[PDB]
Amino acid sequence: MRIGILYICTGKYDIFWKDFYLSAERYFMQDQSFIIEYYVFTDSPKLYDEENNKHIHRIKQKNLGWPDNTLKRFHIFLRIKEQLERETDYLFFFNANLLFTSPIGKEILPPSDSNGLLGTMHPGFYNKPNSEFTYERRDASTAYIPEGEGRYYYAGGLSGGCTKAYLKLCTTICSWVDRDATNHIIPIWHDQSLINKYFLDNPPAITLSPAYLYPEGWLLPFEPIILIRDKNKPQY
């Protein structure tokens, strides 16, 4: 089975590629049945272990700056959609500063008879009531979610599923992003708002706990499986 990792590390975020990659080569899908393809969108000339591992696919991408780096995130995946359709069976997106600490296996693969989508609970909202979810509340936006509706507050730092269903998600959100641009709207706060809208219409087959998005330094009711490295640490 072929597992595709989508990874954007333009500008000052390629410092995060090395330790992410090593942790991933160690803890992520290390059953010999799986093969891992890294699709690394960056402006870096060379990536760590690129000359050794043929599954590291460097794709050229410039820094768009904030927020287009976060707003056109799914635009970036779809420029190589055909390559993904023939080389991968599952796709997973990870934030640059994410870090694996414990083994992860087939338990996070959405079953083929489901919608084949995976979402992850945001660490700042897992214990909050519906009334405090910061959804997009403007009916003029494609990311609109009325008050009282919604189940979880999903995050944008980790999402995926089977390649077909996920590219379908990429295609939809791009359209939502573009339609709002015309109507003179930037959805707030975008990396999570559009995906929370999509996961409302399409309740994901798998919902990961914030143990898969554990912010460094926090005290949460979970063992951290994936850590969100503090960006403001001096070593970065």
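Residues carry their position along the shown sequence, with the first being 1.
As the entry records it, the average C-alpha temperature factor is higher for 182-190, out of 40-48 and 182-190. The PDB entry reports B-factors from which the mean C-alpha value can be compared for 8-16 and 220-228; the larger average falls on 8-16. When the C-alpha B-factors of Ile145, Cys162, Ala96, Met121 are ranked from the entry, the top spot goes to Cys162.
Of the candidates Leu117, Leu91, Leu71, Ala155, the PDB record gives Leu71 the highest C-alpha temperature factor. For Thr172, the recorded CA temperature factor ranks within the middle third of the chain's modelled residues. Per the PDB record, residue ranking by Cα B-factor puts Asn53 in the middle third of the chain. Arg26 sits in the middle third of its chain by CA B factor, as recorded in the PDB entry. In the deposited entry, the Cα temperature factor of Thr101 places it in the lowest third of its chain's modelled residues.
Sort the chain's modelled residues by C-alpha temperature factor and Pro67 lands in the highest third, per the entry.
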